[PDB]
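Student: Coordinates in coords-v7.cif, mmCIF, N, CA, C and O atoms, are listed below.
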data_coords
loop_
_atom_site.label_atom_id
_atom_site.label_comp_id
_atom_site.auth_asym_id
_atom_site.auth_seq_id
_atom_site.Cartn_x
_atom_site.Cartn_y
_atom_site.Cartn_z
N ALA T 2 23.20 26.08 -4.06
CA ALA T 2 23.52 25.64 -5.41
C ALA T 2 23.97 24.18 -5.41
O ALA T 2 24.68 23.75 -6.31
N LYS T 3 23.56 23.43 -4.39
CA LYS T 3 23.91 22.02 -4.29
C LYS T 3 22.87 21.33 -3.41
O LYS T 3 22.85 21.55 -2.20
N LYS T 4 22.03 20.51 -4.02
CA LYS T 4 21.00 19.77 -3.30
C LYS T 4 21.44 18.32 -3.09
O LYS T 4 22.37 17.82 -3.72
N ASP T 5 20.74 17.65 -2.19
CA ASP T 5 20.97 16.22 -1.98
C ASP T 5 20.63 15.47 -3.26
O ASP T 5 19.59 15.75 -3.87
N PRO T 6 21.47 14.53 -3.71
CA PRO T 6 21.14 13.80 -4.95
C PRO T 6 19.82 13.06 -4.89
O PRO T 6 19.27 12.72 -5.94
N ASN T 7 19.28 12.80 -3.69
CA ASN T 7 18.04 12.06 -3.54
C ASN T 7 16.83 12.95 -3.33
O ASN T 7 15.75 12.45 -3.01
N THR T 8 16.97 14.27 -3.51
CA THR T 8 15.82 15.15 -3.35
C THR T 8 14.73 14.83 -4.36
O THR T 8 13.54 14.76 -4.00
N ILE T 9 15.10 14.62 -5.62
CA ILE T 9 14.15 14.34 -6.69
C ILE T 9 14.12 12.85 -6.95
O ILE T 9 15.18 12.20 -7.03
N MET T 10 12.92 12.29 -7.06
CA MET T 10 12.76 10.90 -7.43
C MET T 10 13.52 10.60 -8.72
O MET T 10 13.33 11.27 -9.73
N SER T 11 14.38 9.58 -8.67
CA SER T 11 15.19 9.25 -9.83
C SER T 11 14.31 8.83 -11.01
O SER T 11 14.57 9.22 -12.15
N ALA T 12 13.28 8.04 -10.75
CA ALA T 12 12.32 7.64 -11.77
C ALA T 12 10.92 7.70 -11.18
O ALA T 12 10.72 7.51 -9.98
N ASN T 13 9.94 7.97 -12.04
CA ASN T 13 8.55 8.06 -11.63
C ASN T 13 7.93 6.67 -11.63
O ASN T 13 7.78 6.05 -12.69
N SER T 14 7.57 6.18 -10.45
CA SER T 14 6.97 4.86 -10.32
C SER T 14 6.06 4.84 -9.10
O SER T 14 6.03 5.77 -8.30
N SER T 15 5.31 3.74 -8.97
CA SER T 15 4.36 3.54 -7.87
C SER T 15 3.33 4.67 -7.94
O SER T 15 2.71 4.85 -9.00
N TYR T 16 3.10 5.43 -6.87
CA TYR T 16 2.08 6.47 -6.90
C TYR T 16 2.47 7.63 -7.81
O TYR T 16 1.61 8.44 -8.16
N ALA T 17 3.74 7.73 -8.19
CA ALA T 17 4.20 8.72 -9.15
C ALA T 17 4.12 8.21 -10.58
O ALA T 17 4.52 8.94 -11.50
N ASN T 18 3.63 7.00 -10.79
CA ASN T 18 3.57 6.43 -12.14
C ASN T 18 2.69 7.28 -13.04
O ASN T 18 1.57 7.64 -12.67
N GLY T 19 3.20 7.60 -14.23
CA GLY T 19 2.47 8.41 -15.18
C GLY T 19 2.66 9.90 -15.03
O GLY T 19 2.15 10.66 -15.87
N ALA T 20 3.36 10.36 -13.99
CA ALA T 20 3.63 11.78 -13.84
C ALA T 20 4.57 12.26 -14.94
O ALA T 20 5.33 11.48 -15.52
N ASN T 21 4.52 13.56 -15.22
CA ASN T 21 5.26 14.12 -16.34
C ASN T 21 6.60 14.72 -15.92
O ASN T 21 7.65 14.30 -16.39
N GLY T 22 6.57 15.70 -15.02
CA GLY T 22 7.76 16.42 -14.62
C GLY T 22 8.50 15.77 -13.47
O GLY T 22 8.38 14.57 -13.22
N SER T 23 9.29 16.59 -12.78
CA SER T 23 10.04 16.12 -11.62
C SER T 23 9.15 16.07 -10.39
O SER T 23 8.39 17.00 -10.11
N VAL T 24 9.26 14.97 -9.64
CA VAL T 24 8.47 14.75 -8.43
C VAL T 24 9.42 14.63 -7.25
O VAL T 24 10.37 13.84 -7.29
N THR T 25 9.17 15.42 -6.21
CA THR T 25 10.05 15.43 -5.05
C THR T 25 9.92 14.13 -4.26
O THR T 25 8.89 13.45 -4.29
N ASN T 26 11.00 13.78 -3.56
CA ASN T 26 11.07 12.55 -2.80
C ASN T 26 10.53 12.77 -1.39
O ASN T 26 10.88 13.75 -0.74
N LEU T 27 9.67 11.86 -0.93
CA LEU T 27 9.06 11.98 0.39
C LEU T 27 9.88 11.34 1.49
O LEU T 27 9.75 11.75 2.65
N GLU T 28 10.71 10.36 1.18
CA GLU T 28 11.47 9.64 2.19
C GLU T 28 12.71 10.39 2.67
O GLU T 28 13.60 9.76 3.26
N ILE T 29 12.80 11.70 2.44
CA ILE T 29 13.90 12.49 2.99
C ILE T 29 13.36 13.28 4.19
O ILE T 29 12.17 13.61 4.22
N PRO T 30 14.20 13.60 5.18
CA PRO T 30 13.67 14.20 6.42
C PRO T 30 12.92 15.50 6.16
O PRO T 30 13.30 16.30 5.30
N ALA T 31 11.86 15.70 6.93
CA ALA T 31 11.04 16.91 6.89
C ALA T 31 11.34 17.78 8.11
O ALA T 31 12.18 17.44 8.95
N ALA T 32 10.64 18.90 8.20
CA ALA T 32 10.90 19.89 9.24
C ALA T 32 10.05 19.70 10.48
O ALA T 32 10.26 20.42 11.47
N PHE T 33 9.11 18.77 10.48
CA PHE T 33 8.15 18.61 11.57
C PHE T 33 8.38 17.32 12.35
O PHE T 33 7.44 16.63 12.72
N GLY T 34 9.65 16.99 12.59
CA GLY T 34 10.00 15.93 13.50
C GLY T 34 10.59 16.49 14.77
O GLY T 34 10.06 17.46 15.32
N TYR T 35 11.70 15.92 15.24
CA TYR T 35 12.37 16.47 16.42
C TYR T 35 12.89 17.87 16.13
O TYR T 35 12.63 18.81 16.89
N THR T 36 13.64 18.03 15.05
CA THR T 36 14.14 19.33 14.62
C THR T 36 14.30 19.31 13.11
O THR T 36 14.45 18.24 12.51
N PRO T 37 14.27 20.47 12.46
CA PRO T 37 14.55 20.52 11.03
C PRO T 37 16.04 20.54 10.75
O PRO T 37 16.84 21.06 11.53
N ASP T 38 16.41 19.98 9.60
CA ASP T 38 17.80 19.90 9.17
C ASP T 38 17.99 20.83 7.98
O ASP T 38 17.27 20.72 6.98
N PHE T 39 18.95 21.75 8.09
CA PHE T 39 19.17 22.73 7.03
C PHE T 39 19.77 22.11 5.78
O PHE T 39 19.79 22.77 4.73
N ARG T 40 20.26 20.88 5.85
CA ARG T 40 20.82 20.21 4.68
C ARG T 40 19.76 19.72 3.70
O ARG T 40 20.10 19.31 2.59
N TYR T 41 18.49 19.76 4.09
CA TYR T 41 17.39 19.27 3.26
C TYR T 41 16.35 20.36 3.05
O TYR T 41 15.15 20.10 3.04
N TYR T 42 16.80 21.60 2.88
CA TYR T 42 15.86 22.71 2.73
C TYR T 42 15.42 22.91 1.29
O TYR T 42 14.37 23.52 1.06
N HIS T 43 16.18 22.40 0.32
CA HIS T 43 15.73 22.44 -1.07
C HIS T 43 14.46 21.65 -1.27
O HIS T 43 13.74 21.89 -2.25
N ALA T 44 14.16 20.71 -0.38
CA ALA T 44 12.99 19.84 -0.51
C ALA T 44 11.76 20.40 0.17
O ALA T 44 10.72 19.74 0.18
N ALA T 45 11.85 21.59 0.77
CA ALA T 45 10.71 22.21 1.42
C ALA T 45 9.94 23.15 0.51
O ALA T 45 8.91 23.69 0.92
N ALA T 46 10.42 23.38 -0.71
CA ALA T 46 9.71 24.24 -1.64
C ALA T 46 8.30 23.71 -1.88
O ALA T 46 8.10 22.50 -2.06
N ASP T 47 7.33 24.61 -1.89
CA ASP T 47 5.92 24.25 -1.87
C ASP T 47 5.28 24.38 -3.24
O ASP T 47 5.77 25.09 -4.13
N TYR T 48 4.16 23.69 -3.41
CA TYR T 48 3.38 23.74 -4.64
C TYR T 48 2.47 24.96 -4.65
O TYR T 48 1.87 25.31 -3.63
N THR T 49 2.37 25.60 -5.81
CA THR T 49 1.50 26.74 -6.00
C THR T 49 0.71 26.55 -7.28
O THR T 49 1.26 26.14 -8.30
N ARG T 50 -0.59 26.85 -7.23
CA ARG T 50 -1.48 26.58 -8.34
C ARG T 50 -1.33 27.64 -9.42
O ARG T 50 -1.25 28.83 -9.14
N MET P 244 -44.07 -52.02 1.10
CA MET P 244 -44.05 -51.15 -0.07
C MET P 244 -43.38 -49.82 0.22
O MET P 244 -42.86 -49.20 -0.71
N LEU P 245 -43.38 -49.37 1.47
CA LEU P 245 -42.71 -48.13 1.84
C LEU P 245 -41.22 -48.33 2.10
O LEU P 245 -40.47 -47.34 2.10
N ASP P 246 -40.77 -49.56 2.32
CA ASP P 246 -39.33 -49.82 2.35
C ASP P 246 -38.71 -49.52 0.99
O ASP P 246 -37.63 -48.92 0.91
N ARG P 247 -39.38 -49.92 -0.08
CA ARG P 247 -39.06 -49.37 -1.39
C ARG P 247 -39.28 -47.86 -1.36
O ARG P 247 -39.84 -47.31 -0.40
N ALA P 248 -38.85 -47.18 -2.42
CA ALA P 248 -38.82 -45.73 -2.43
C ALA P 248 -37.93 -45.23 -1.29
O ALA P 248 -38.34 -44.44 -0.43
N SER P 249 -36.70 -45.74 -1.28
CA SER P 249 -35.74 -45.39 -0.25
C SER P 249 -35.27 -43.95 -0.45
O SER P 249 -35.58 -43.29 -1.45
N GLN P 250 -34.50 -43.45 0.51
CA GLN P 250 -34.06 -42.07 0.51
C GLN P 250 -32.55 -41.92 0.57
O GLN P 250 -32.06 -40.79 0.65
N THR P 251 -31.80 -43.02 0.53
CA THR P 251 -30.35 -42.93 0.66
C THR P 251 -29.75 -42.21 -0.55
O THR P 251 -30.09 -42.51 -1.70
N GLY P 252 -28.86 -41.26 -0.28
CA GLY P 252 -28.19 -40.51 -1.32
C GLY P 252 -28.93 -39.29 -1.80
O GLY P 252 -28.33 -38.45 -2.48
N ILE P 253 -30.22 -39.16 -1.49
CA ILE P 253 -31.01 -38.06 -2.00
C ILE P 253 -30.76 -36.82 -1.15
O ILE P 253 -30.92 -36.85 0.07
N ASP P 254 -30.37 -35.73 -1.81
CA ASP P 254 -30.24 -34.42 -1.15
C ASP P 254 -30.72 -33.38 -2.16
O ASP P 254 -30.02 -33.09 -3.13
N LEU P 255 -31.91 -32.83 -1.91
CA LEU P 255 -32.50 -31.89 -2.85
C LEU P 255 -31.72 -30.59 -2.94
O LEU P 255 -31.84 -29.88 -3.94
N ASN P 256 -30.93 -30.25 -1.92
CA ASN P 256 -30.14 -29.03 -1.97
C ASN P 256 -28.95 -29.18 -2.92
O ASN P 256 -28.58 -28.22 -3.59
N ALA P 257 -28.37 -30.37 -2.98
CA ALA P 257 -27.20 -30.63 -3.81
C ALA P 257 -27.56 -31.18 -5.19
O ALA P 257 -26.66 -31.60 -5.92
N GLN P 258 -28.83 -31.18 -5.55
CA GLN P 258 -29.22 -31.65 -6.87
C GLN P 258 -28.63 -30.74 -7.95
O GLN P 258 -28.57 -29.52 -7.76
N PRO P 259 -28.18 -31.29 -9.08
CA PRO P 259 -27.65 -30.43 -10.14
C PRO P 259 -28.74 -29.55 -10.73
O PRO P 259 -29.92 -29.92 -10.79
N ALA P 260 -28.34 -28.36 -11.17
CA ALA P 260 -29.28 -27.43 -11.79
C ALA P 260 -29.85 -28.03 -13.06
O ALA P 260 -29.14 -28.69 -13.83
N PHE P 261 -31.15 -27.80 -13.30
CA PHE P 261 -31.79 -28.34 -14.48
C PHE P 261 -31.30 -27.70 -15.77
O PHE P 261 -31.58 -28.23 -16.85
N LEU P 262 -30.58 -26.58 -15.69
CA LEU P 262 -29.84 -26.03 -16.81
C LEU P 262 -28.36 -26.04 -16.47
O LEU P 262 -27.95 -25.50 -15.43
N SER P 263 -27.55 -26.66 -17.33
CA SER P 263 -26.13 -26.79 -17.06
C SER P 263 -25.32 -25.59 -17.50
O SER P 263 -24.28 -25.30 -16.90
N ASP P 264 -25.75 -24.88 -18.54
CA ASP P 264 -25.02 -23.72 -19.02
C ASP P 264 -25.91 -23.01 -20.03
O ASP P 264 -26.94 -23.54 -20.46
N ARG P 265 -25.51 -21.79 -20.41
CA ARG P 265 -26.31 -21.03 -21.36
C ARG P 265 -26.29 -21.69 -22.73
O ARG P 265 -25.31 -22.33 -23.14
N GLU P 266 -27.40 -21.54 -23.45
CA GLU P 266 -27.54 -22.13 -24.77
C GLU P 266 -26.64 -21.41 -25.78
O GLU P 266 -26.09 -20.34 -25.52
N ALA P 267 -26.49 -22.04 -26.95
CA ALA P 267 -25.54 -21.55 -27.95
C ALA P 267 -25.98 -20.22 -28.54
O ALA P 267 -25.15 -19.35 -28.84
N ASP P 268 -27.29 -20.03 -28.74
CA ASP P 268 -27.76 -18.80 -29.37
C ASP P 268 -27.47 -17.58 -28.51
O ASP P 268 -27.25 -16.49 -29.05
N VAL P 269 -27.46 -17.73 -27.19
CA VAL P 269 -27.11 -16.62 -26.32
C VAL P 269 -25.63 -16.28 -26.47
O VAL P 269 -25.24 -15.11 -26.42
N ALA P 270 -24.78 -17.29 -26.66
CA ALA P 270 -23.36 -17.06 -26.83
C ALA P 270 -23.00 -16.55 -28.22
O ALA P 270 -21.84 -16.19 -28.45
N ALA P 271 -23.95 -16.50 -29.14
CA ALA P 271 -23.70 -16.07 -30.51
C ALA P 271 -23.93 -14.58 -30.72
O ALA P 271 -23.77 -14.10 -31.85
N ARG P 272 -24.29 -13.83 -29.68
CA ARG P 272 -24.63 -12.42 -29.81
C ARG P 272 -23.46 -11.49 -29.48
O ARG P 272 -23.21 -10.54 -30.22
N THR P 273 -22.76 -11.74 -28.38
CA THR P 273 -21.60 -10.93 -27.99
C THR P 273 -22.02 -9.50 -27.63
O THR P 273 -21.39 -8.53 -28.03
N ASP P 274 -23.12 -9.37 -26.88
CA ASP P 274 -23.60 -8.07 -26.42
C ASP P 274 -24.17 -8.16 -25.01
O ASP P 274 -25.27 -7.66 -24.74
N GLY P 275 -23.44 -8.80 -24.10
CA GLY P 275 -23.89 -8.93 -22.72
C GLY P 275 -22.94 -8.34 -21.70
O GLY P 275 -22.32 -7.30 -21.94
N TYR P 276 -22.83 -9.00 -20.55
CA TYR P 276 -21.96 -8.55 -19.46
C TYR P 276 -20.52 -9.04 -19.66
O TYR P 276 -19.58 -8.23 -19.67
N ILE P 277 -20.34 -10.35 -19.81
CA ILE P 277 -19.01 -10.90 -20.05
C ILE P 277 -18.41 -10.32 -21.32
O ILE P 277 -17.18 -10.25 -21.46
N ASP P 278 -19.26 -9.89 -22.25
CA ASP P 278 -18.78 -9.52 -23.58
C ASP P 278 -18.05 -8.19 -23.57
O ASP P 278 -17.08 -8.02 -24.31
N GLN P 279 -18.49 -7.24 -22.75
CA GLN P 279 -17.79 -5.97 -22.65
C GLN P 279 -16.39 -6.16 -22.10
O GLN P 279 -15.43 -5.53 -22.58
N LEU P 280 -16.24 -7.02 -21.10
CA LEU P 280 -14.91 -7.31 -20.56
C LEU P 280 -14.05 -8.04 -21.58
O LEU P 280 -12.90 -7.66 -21.83
N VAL P 281 -14.59 -9.10 -22.18
CA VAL P 281 -13.78 -9.97 -23.02
C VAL P 281 -13.36 -9.25 -24.30
O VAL P 281 -12.23 -9.42 -24.78
N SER P 282 -14.25 -8.45 -24.88
CA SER P 282 -14.03 -7.91 -26.21
C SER P 282 -13.85 -6.40 -26.26
O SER P 282 -13.10 -5.92 -27.12
N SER P 283 -14.50 -5.64 -25.39
CA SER P 283 -14.51 -4.19 -25.52
C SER P 283 -13.40 -3.51 -24.71
O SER P 283 -12.53 -2.84 -25.27
N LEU P 284 -13.43 -3.69 -23.39
CA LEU P 284 -12.55 -2.92 -22.52
C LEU P 284 -11.09 -3.24 -22.80
O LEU P 284 -10.73 -4.39 -23.09
N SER P 285 -10.24 -2.22 -22.72
CA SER P 285 -8.81 -2.41 -22.92
C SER P 285 -8.21 -3.19 -21.75
O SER P 285 -8.76 -3.22 -20.65
N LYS P 286 -7.08 -3.84 -22.02
CA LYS P 286 -6.35 -4.59 -21.00
C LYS P 286 -4.87 -4.20 -21.05
O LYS P 286 -4.05 -4.91 -21.64
N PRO P 287 -4.51 -3.07 -20.44
CA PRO P 287 -3.11 -2.64 -20.45
C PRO P 287 -2.28 -3.23 -19.31
O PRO P 287 -1.05 -3.13 -19.32
N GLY P 288 -2.95 -3.83 -18.33
CA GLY P 288 -2.28 -4.33 -17.15
C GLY P 288 -2.28 -3.31 -16.02
O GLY P 288 -2.51 -2.12 -16.21
N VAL P 289 -2.03 -3.81 -14.82
CA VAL P 289 -2.00 -2.99 -13.61
C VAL P 289 -0.56 -2.72 -13.23
O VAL P 289 0.23 -3.66 -13.07
N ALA P 290 -0.20 -1.45 -13.09
CA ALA P 290 1.10 -1.04 -12.60
C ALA P 290 0.89 -0.08 -11.45
O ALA P 290 0.24 0.96 -11.61
N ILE P 291 1.43 -0.42 -10.28
CA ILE P 291 1.25 0.38 -9.08
C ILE P 291 2.16 -0.15 -7.98
O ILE P 291 3.07 0.53 -7.52
#
Represent the structure of the file as structure tokens.
Tutor:
Amino acid sequence: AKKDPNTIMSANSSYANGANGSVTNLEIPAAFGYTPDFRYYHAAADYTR
Amino acid sequence: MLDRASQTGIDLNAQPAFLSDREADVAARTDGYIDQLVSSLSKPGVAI
């Protein structure tokens, strides 16, 4: 019930320009490096069509 | 007589074109290539 304040892009710009809803931030650590960090698991939720 | 008819300064590759620009009647139509860009297509600017 508490995510990193930087999980969601604060504003839609650059390649997110013109998007409508909330767009997740890519510059936060992912799970496929040295090890995954449990503090950034809210950002692993996946897209479904 | 052949000393006359000199060649100094002559370069046929750098000669100016015998037409300097399009005539006025062509510019009075506004239905060509430049015309779609200048008059038709929108110009909102590039943001990226």
Student: Out of P:290, P:271, P:260, P:253, which residue has the shortest atom-to-atom distance to chain T when counting only N, CA, C and O atoms?
Tutor: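 Checking each candidate against chain T, we get P:290 as the closest.
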Student: Set the cut-off to 7 Å and count all atoms listed in the file: what are the residues of chain T that reach chain P? Output as JSON, numbers by chain.
Tutor: {"T": [14, 15, 16, 18]}
Student: So that I can check the surroundings of stretch 25-42 of chain T, please list as a ChimeraX atom specification every protein, DNA and RNA residue that reaches within 8 Å of it, counting all atoms listed in the file and ignoring chain neighbours fewer than 5 positions away.
Tutor: /T:3-5,7-11,47
Student: How many Å separate atom CA of residue T:50 from atom CA of residue T:21?
Tutor: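 Taking atom CA of residue T:50 and atom CA of residue T:21, their separation equals 16.3 Å.
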Student: State, in Å with one decimal place, the distance from atom CA of residue P:263 to atom CA of residue P:278.
Tutor: 19.9 Å
Student: In Å, with one decimal, what is the gap from atom CA of residue T:24 to atom CA of residue T:44?
Tutor: 10.4 Å
Student: Based on the backbone DSSP call, show me all residues of chain P assigned alpha helix (DSSP H), as a PyMOL selection string.
Tutor: chain P and resi 267-270+276-278
Student: Emit stretch 256-284 of chain P of the structure in the block as a file comprising N, CA and C atoms, as a short mmCIF file (atom, residue, chain, number, x, y, z; two decimals), in the first residue's frame.
Tutor:
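Okay, this is what ended up in out02.cif:
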data_model
loop_
_atom_site.label_atom_id
_atom_site.label_comp_id
_atom_site.auth_asym_id
_atom_site.auth_seq_id
_atom_site.Cartn_x
_atom_site.Cartn_y
_atom_site.Cartn_z
N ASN P 256 30.85 23.94 -67.64
CA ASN P 256 30.16 23.29 -66.54
C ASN P 256 29.56 24.30 -65.57
N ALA P 257 30.23 25.43 -65.38
CA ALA P 257 29.79 26.46 -64.45
C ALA P 257 28.95 27.54 -65.11
N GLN P 258 28.56 27.35 -66.37
CA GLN P 258 27.72 28.34 -67.03
C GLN P 258 26.37 28.43 -66.33
N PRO P 259 25.79 29.63 -66.20
CA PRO P 259 24.47 29.73 -65.58
C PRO P 259 23.40 29.05 -66.43
N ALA P 260 22.39 28.51 -65.75
CA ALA P 260 21.29 27.86 -66.44
C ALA P 260 20.55 28.86 -67.32
N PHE P 261 20.13 28.42 -68.50
CA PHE P 261 19.43 29.30 -69.42
C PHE P 261 18.04 29.69 -68.92
N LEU P 262 17.53 29.01 -67.90
CA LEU P 262 16.34 29.45 -67.17
C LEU P 262 16.74 29.72 -65.73
N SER P 263 16.45 30.93 -65.25
CA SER P 263 16.85 31.32 -63.91
C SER P 263 15.86 30.90 -62.84
N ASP P 264 14.58 30.81 -63.17
CA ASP P 264 13.57 30.42 -62.19
C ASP P 264 12.27 30.17 -62.95
N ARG P 265 11.30 29.57 -62.26
CA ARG P 265 10.02 29.28 -62.90
C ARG P 265 9.28 30.57 -63.25
N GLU P 266 8.53 30.51 -64.34
CA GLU P 266 7.78 31.66 -64.81
C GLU P 266 6.61 31.97 -63.87
N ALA P 267 6.02 33.15 -64.05
CA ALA P 267 5.00 33.63 -63.12
C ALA P 267 3.72 32.81 -63.23
N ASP P 268 3.35 32.37 -64.43
CA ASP P 268 2.10 31.64 -64.59
C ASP P 268 2.13 30.31 -63.85
N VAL P 269 3.30 29.68 -63.74
CA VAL P 269 3.40 28.45 -62.96
C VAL P 269 3.18 28.74 -61.48
N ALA P 270 3.67 29.88 -61.00
CA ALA P 270 3.50 30.24 -59.60
C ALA P 270 2.10 30.74 -59.28
N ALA P 271 1.25 30.93 -60.28
CA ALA P 271 -0.09 31.45 -60.08
C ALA P 271 -1.14 30.36 -59.88
N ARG P 272 -0.74 29.09 -59.88
CA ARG P 272 -1.68 27.98 -59.80
C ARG P 272 -1.86 27.44 -58.38
N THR P 273 -0.76 27.22 -57.66
CA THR P 273 -0.82 26.75 -56.27
C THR P 273 -1.37 25.32 -56.21
N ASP P 274 -0.91 24.46 -57.12
CA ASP P 274 -1.33 23.05 -57.13
C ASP P 274 -0.17 22.15 -57.53
N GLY P 275 1.00 22.35 -56.92
CA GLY P 275 2.17 21.53 -57.22
C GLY P 275 2.73 20.80 -56.02
N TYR P 276 4.06 20.69 -55.96
CA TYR P 276 4.76 20.00 -54.88
C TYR P 276 4.98 20.93 -53.68
N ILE P 277 5.62 22.08 -53.92
CA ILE P 277 5.84 23.05 -52.85
C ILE P 277 4.51 23.51 -52.26
N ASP P 278 3.44 23.44 -53.05
CA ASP P 278 2.18 24.06 -52.65
C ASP P 278 1.48 23.26 -51.56
N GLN P 279 1.57 21.93 -51.61
CA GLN P 279 0.98 21.12 -50.55
C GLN P 279 1.64 21.39 -49.21
N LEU P 280 2.96 21.53 -49.20
CA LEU P 280 3.66 21.85 -47.96
C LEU P 280 3.32 23.26 -47.49
N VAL P 281 3.39 24.24 -48.39
CA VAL P 281 3.26 25.64 -47.97
C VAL P 281 1.83 25.94 -47.52
N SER P 282 0.84 25.38 -48.20
CA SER P 282 -0.55 25.78 -47.99
C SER P 282 -1.44 24.71 -47.38
N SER P 283 -1.20 23.43 -47.67
CA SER P 283 -2.15 22.39 -47.26
C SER P 283 -1.79 21.76 -45.92
N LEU P 284 -0.61 21.14 -45.83
CA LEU P 284 -0.28 20.33 -44.67
C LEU P 284 -0.22 21.19 -43.41
#
